[PDB]
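Working notes, structure below.
Read-outs throughout are calculated quantities, based only on the coordinates presented, and are distinct from any laboratory measurement. Cβ placement follows ideal geometry from the backbone for every residue including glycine, while neighbour counts extend to all protein chains displayed.
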There are 2 protein chains.
Amino acid sequence: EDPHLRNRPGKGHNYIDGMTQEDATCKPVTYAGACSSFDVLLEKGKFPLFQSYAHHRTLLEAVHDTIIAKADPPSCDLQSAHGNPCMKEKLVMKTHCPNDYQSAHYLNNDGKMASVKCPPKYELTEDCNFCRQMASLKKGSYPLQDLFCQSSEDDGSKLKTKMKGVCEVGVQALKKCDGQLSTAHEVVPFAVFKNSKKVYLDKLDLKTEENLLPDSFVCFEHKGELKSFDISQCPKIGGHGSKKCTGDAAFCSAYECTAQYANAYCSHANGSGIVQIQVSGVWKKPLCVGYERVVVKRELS
Amino acid sequence: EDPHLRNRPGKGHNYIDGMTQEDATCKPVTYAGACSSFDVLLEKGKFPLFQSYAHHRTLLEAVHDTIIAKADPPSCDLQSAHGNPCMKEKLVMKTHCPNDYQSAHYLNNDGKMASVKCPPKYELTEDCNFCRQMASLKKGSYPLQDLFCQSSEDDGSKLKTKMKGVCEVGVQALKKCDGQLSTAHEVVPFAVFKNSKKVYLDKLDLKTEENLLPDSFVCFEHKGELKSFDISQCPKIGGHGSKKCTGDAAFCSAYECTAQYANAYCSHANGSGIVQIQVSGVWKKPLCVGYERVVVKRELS
């Protein structure tokens with residue numbers, strides 16, 4: 001119902017240092033925006049979590065919204081083997097990169113934002129580790145992890161991964177496993193708070209709290225491709241002033257509806273609001289939670 | 001088929017004196033070449049034992065590695081004249097040659113290397129006993145036995161063939177028989193120890209044991225499908241090599257792992273390591289164990 005998942009609440013910017021080709025085709029992200037770093041997020045049979053949580057924020061949008069910090073350097077080079085601070089965490093991972101792509105961004109352990117980049121005109125390989133020679137090359141990156149972000153300012157840096165039965169799972173390592181162990185390549189849920197580390201979890205217990213918030217209402221320009229419109233310019237309830245707005249039953253029940261005096265018809269976001277999680281048995285509001293295929297070492301002796 | 005199993009352990013010499021026309025493709029065993037003395041060893045539905053034990057030495061490779069000595073003469077021509085010692089053992093062996101090939105190597109009774117040779121330009125028949133007048137011409141040797149060799153220094157010259165109710169099997173004479181006996185071609189295994197005759201087997205019990213030898217690991221580079229990479233250029237624990245290499249714990253346990261300072265992600269080679277045989281309960285280390293279909297004379301009444 002209401003296929004309005006293409007509109008991005010708030011700023012909605014998908015730009016990173018390096019992909020200067022799509023600079024003017026990704027800010028903002030509208031219905032006609034042919035941003036290569038965003039079309040792969042809506043493809044079927046690849047990113048199910050982002051399709052389930054469509055009315056939210058991405059990694060780049062979280063970076064531009066002063067939520068997730070950037071690494072140093074935020075984009076490493078995979079050409080020369082002289083050394084870069086991006087392979088030590090990538091070798092333990094195991095992701096797949098589609099054809100005709102140069103950059104590949106993911107989430108690091110320090111809670112920042114790291115990525116890679118191949119020198120033109122070289123593309124990525126199959127293991128997403130080196131750069132190989134070259135159809136038409138894309139002008140963006142590819143999300144290696146299936147995660148979703150939002151707007152939050154909850155504190156929680158003095159924590160630690162509390163997963164019993166393992167020792168060296170993901171990037172964190174509580175103890176060593178030299179005797180009898182069992183390693184594989186599974187997925188482990190992880191949650192990163194404000195200025196914290198990649199704290200892995202055992203089970204995922206998410207809960208979306210629906211509330212009348214401006215970040216849960218999409219709007220587009222009304223005229224006799226649709227262009228997005230700001231949400232912070234609409235009045236509240238019981239008031240007909242400033243930039244007039246209108247919408248469906250949800251917008252008319254939350255805010256005012258001038259119909260004729262309005263200039264942009266709005267709608268309701270298909271499932272949006274505050275997302276909670278259960279970490280250490282305490283309800284906390286995270287920042288970016290997702291999955292990743294890393295090395296999981298279980299304890300047996 | 002299976003291009004990932006073209007790397008041969010040790011020197012990898014699949015030729016002999018006289019038929020050195022394809023030495024440019026078999027020495028070394030390349031990928032673009034067409035080494036006729038190895039293509040039939042990877043065909044499905046013929047030699048499953050060599051497919052299970054891929055990374056192992058063959059007969060010619062054992063000859064070129066100071067393991068199995070040559071016979072006298074090592075190349076017995078099929079142009080016999082009521083003689084030729086290399087005929088009494090082949091006439092009792094039922095083999096099938098797919099034509100084309102003009103040579104065929106097998107194991108003799110003494111334990112050396114006995115092979116045939118066709119003068120240019122002839123080819124083998126269906127019974128693999130004559131070189132008739134002449135698709136094209138394969139200048140290789142057809143493996144008559146599905147045997148695999150390795151490197152071992154285990155003594156075992158005081159052991160002979162000990163069966164139950166078997167008269168004269170193959171070309172050997174065990175016990176004395178003068179009553180009723182059968183004459184048919186059956187598959188009977190065999191094993192040759194260090195300086196011993198062709199000892200047959202009755203109950204073969206193998207034991208696959210992995211090792212840390214350089215020939216038991218492969219290295220596939222990613223920077224530039226995947227391209228093969230030579231493993232001898234990897235560094236040594238306590239020394240220094242030309243290039244750098246890295247891999248899993250199995251590769252780090254043998255060579256030095258530099259992670260980001262390397263240019264190839266090495267892995268482990270399946271179907272390698274030394275094997276052991278169970279002789280009278282005590283596990284021994286054989287040399288060349290295989291299967292053959294010769295005349296078997298059992299005891300009947």
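Per residue of peptide B:260-269, the mean number of Cβ atoms on other chains within 10 Å of the residue Cβ is 3.
Couplings 3J(HN,Hα) for the stretch A:63-76, derived from phi with the Karplus relation 6.51 cos²θ - 1.76 cosθ + 1.60 (θ = phi - 60°), are 6, 6, 8, 6, 10, 10, 6, 10, 7, 9, x, x, 9, 8 Hz, where x marks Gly and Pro.
Close amide H partners of B:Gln278, meaning residues 5 or more places away or on another chain with modelled amide H under 5 Å apart, are B:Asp205, B:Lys284. Residue-wise HN-Hα couplings along the stretch A:92-98, as the Karplus relation 6.51 cos²θ - 1.76 cosθ + 1.60 with θ = phi - 60° gives them from phi, are 6, 7, 7, 10, 10, 10, x Hz; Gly and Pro carry x.
Across peptide A:119-129, the mean count of Cβ atoms from other chains lying within 10 Å of each residue's own Cβ comes to 2. Remark: label point of A:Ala249 defined 7 Å out from Cα along the Cα-Cβ vector; separations to the same position in other copies 6.0 nm, ascending. Between the C-alpha center of the stretch A:80-126 and that of the stretch B:1-43 there is a gap of 38 Å. For the stretch B:69-123, the share of alpha carbon pairs falling in successive 10 Å distance bins from zero is 22, 57, 20, 0 percent. Neighbouring Cβ atoms from other chains, within 10 Å of the Cβ of residues in A:79-91, number 3 on average. Backbone N atoms of the stretch A:100-122 closer than 18 Å to the 7 Å Cα→Cβ label point of A:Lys70 belong to residues A:103-118. For the stretch A:9-112, the relative contact order works out to 24 percent when only alpha carbon pairs closer than 8 Å and six or more residues apart are counted. Counting only DSSP beta bridges whose two residues both lie in the protein assembly as shown, roughly 80 percent are antiparallel. Using only side-chain charges placed at the Cβ, +1 for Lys and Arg and -1 for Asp and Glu, the dipole size of the stretch B:72-213 relative to its Cα centre rounds to 340 debye. Amide H to amide H, with H built 1.01 Å from N, B:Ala264 comes under 5 Å of B:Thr246, counting only residues 5 or more places away or on other chains.
For the stretch A:186-297, the Cα gyration tensor yields ellipsoid semi-axes of 39, 15, 11 Å (square root of five times each eigenvalue, largest first, whole Å). Think of each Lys and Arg Cβ as +1 and each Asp and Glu Cβ as -1; about the Cα centre, that makes the dipole of the protein assembly as shown roughly 1180 debye. Net charge of the neighbourhood of B:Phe193, taken over other residues with C-beta under 12 Å away and scored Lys/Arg +1, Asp/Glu -1, is +4. Positive end of the dipole of the stretch A:1-117 (Cβ unit charges, origin at the Cα centre): among A:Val40, A:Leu91, A:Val63, the Cα lying farthest that way belongs to A:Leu91. Computed about its Cα centre, the charge dipole of chain B is approximately 620 debye, with only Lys, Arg, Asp and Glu carrying charge at their Cβ. Phi-derived couplings, Karplus 6.51 cos²θ - 1.76 cosθ + 1.60 at θ = phi - 60°, listed residue by residue for the stretch A:47-52: 10, x, 5, 5, 6, 6 Hz, with x used for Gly and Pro.
P(r) for the stretch B:127-169, from all Cα pairs and a bin width of 10 Å, is 14, 27, 29, 21, 10 %, short bins first. With coordinates expressed along the principal axes, the C-alpha atoms belonging to the stretch A:62-162 extend over 45, 26, 23 Å, beginning with the largest. Taken over the alpha carbons of chain B as equal point scatterers, the Debye sum produces base-10 log I(q)/I(0) values at 0.08 Å⁻¹ of -0.41.
Label points for B:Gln278 are taken 7 Å from Cα along Cα→Cβ. From this copy to the others they lie 5.2 nm apart, shortest first.
Projected label points at B:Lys11 and B:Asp248, each 7 Å from Cα along the beta carbon direction, are separated by 3.3 nanometres. The trypsin sites (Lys or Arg not before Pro) of the stretch A:139-193 that meet both conditions, a loop assignment by DSSP and at most 16 other Cβ atoms within 10 Å of the site Cβ, are A:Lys158, A:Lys160, A:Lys162, A:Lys164, A:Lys175, A:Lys176. With its label point defined 7 Å out from Cα along the Cα-to-Cβ axis, A:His222 lies at 5.3 nm from the matching points of the other copies, in increasing order. Beta bridges from DSSP with both residues in chain A: antiparallel share about 85 percent, rounded to the nearest 5.
If you plug the beta carbon distance of A:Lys164 and B:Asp230 into 1/(1 + (r/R0)^6) with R0 = 56 Å, you get a FRET efficiency near 0.80. For chain A, the 222 nm mean residue ellipticity estimated from helices alone, with every DSSP H stretch of n ≥ 4 adding -39500 (n - 2.57) and the total spread over all residues, rounds to -1500 deg cm²/dmol.
In terms of surrounding Cβ atoms within a 10 Å radius of their Cβ, A:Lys197, A:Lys243 rank from fewest to most as A:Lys243, A:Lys197. Database remark: amide H of A:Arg8 closer than 5 angstrom to no amide H (H placed geometrically; neighbours at sequence offset of 5 or more, or on other chains; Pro and chain starts carry no H).
Multiplying each eigenvalue of the alpha-carbon gyration tensor of the protein assembly as shown by 5 and taking the square root yields semi-axes of 70, 26, 22 Å, largest first, rounded to whole angstroms.
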